[PDB]
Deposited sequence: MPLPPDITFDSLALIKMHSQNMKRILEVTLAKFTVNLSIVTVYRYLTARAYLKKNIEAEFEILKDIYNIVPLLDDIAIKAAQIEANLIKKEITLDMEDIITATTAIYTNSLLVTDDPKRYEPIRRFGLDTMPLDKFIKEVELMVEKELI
C-alpha cells in the first residue's frame, strides 16, 4: 500500500496538473499529504509562461505542504552530493534538493524518471514511477467504490 507522505519532482507535478489528470489529482490530494520542496515549486512556476506567478504560488501553498530548503536539508544535500561526485555522478541542484527533501520528510518520490535518482536510494530515498503511482491510486479508488 502507498504511504501517507508523497512528493513529486517538477516534471511529474506538471503532469499531475494536466487537464486529463484532474480527477487523479483530486483523489491524490484527498488521500495523501504531498510535501513539495520549495525548489520543485520554483521549477513548477517557471517551466510553467502562461498564468500569473504570485497567484499560482498562493494556490500551491494552499493545497501542498511546501518545504523550505531547511538548514538540515542543505547539510544532508551537501553530504549526499559530495558522495556522488566521488562516484562520478551528475545530479543537478533541483534533483539533489528534491531527493534530499523527500528523505527528510519521509516522502515517497513519484517521478517519471526514477532511474536518475537511483544513486540516492542508498541514502534512504524511495521512489516510484509516476505511471505506477497513478495505477495504484486508481486501484485505491476502485476498491473504495466496488
- Query: Got a list of the deposited-sequence ranges with no coordinates?
  - Reply: 1, 50 to 51
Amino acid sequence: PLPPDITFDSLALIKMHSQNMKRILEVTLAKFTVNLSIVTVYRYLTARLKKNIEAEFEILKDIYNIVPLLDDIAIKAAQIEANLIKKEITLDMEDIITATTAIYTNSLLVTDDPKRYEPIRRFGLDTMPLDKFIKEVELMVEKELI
From here on, numbers count along this sequence of modelled residues.
- Task: Could you tell me whether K86 lacks coordinates in at least a third of the other compared entries whose models cover its neighbours on both sides?
- Result: no
- Message: Quick test of your reading: does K51 have no coordinates in a third or more of the other entries compared?
- Response: no
- Query: Is the mean CA B factor in the deposited entry higher across 57 to 65 or across 87 to 95?
  - Reply: 87 to 95
- Note on the structure: The stretch carrying the higher mean Cα B factor in the deposited entry, 99 to 107 or 116 to 124, is 116 to 124
- Choose from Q79, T33, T46, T40 the residue with the greatest Cα B-factor as stated in the PDB record. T46
- Sorting the chain's modelled residues by C-alpha B-factor, tell me whether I6 ends up in the lowest, middle or highest third. lowest
- Message: Please place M16 in the lowest, middle or highest third of its chain according to the CA B-factor in the PDB entry.
- Response: middle
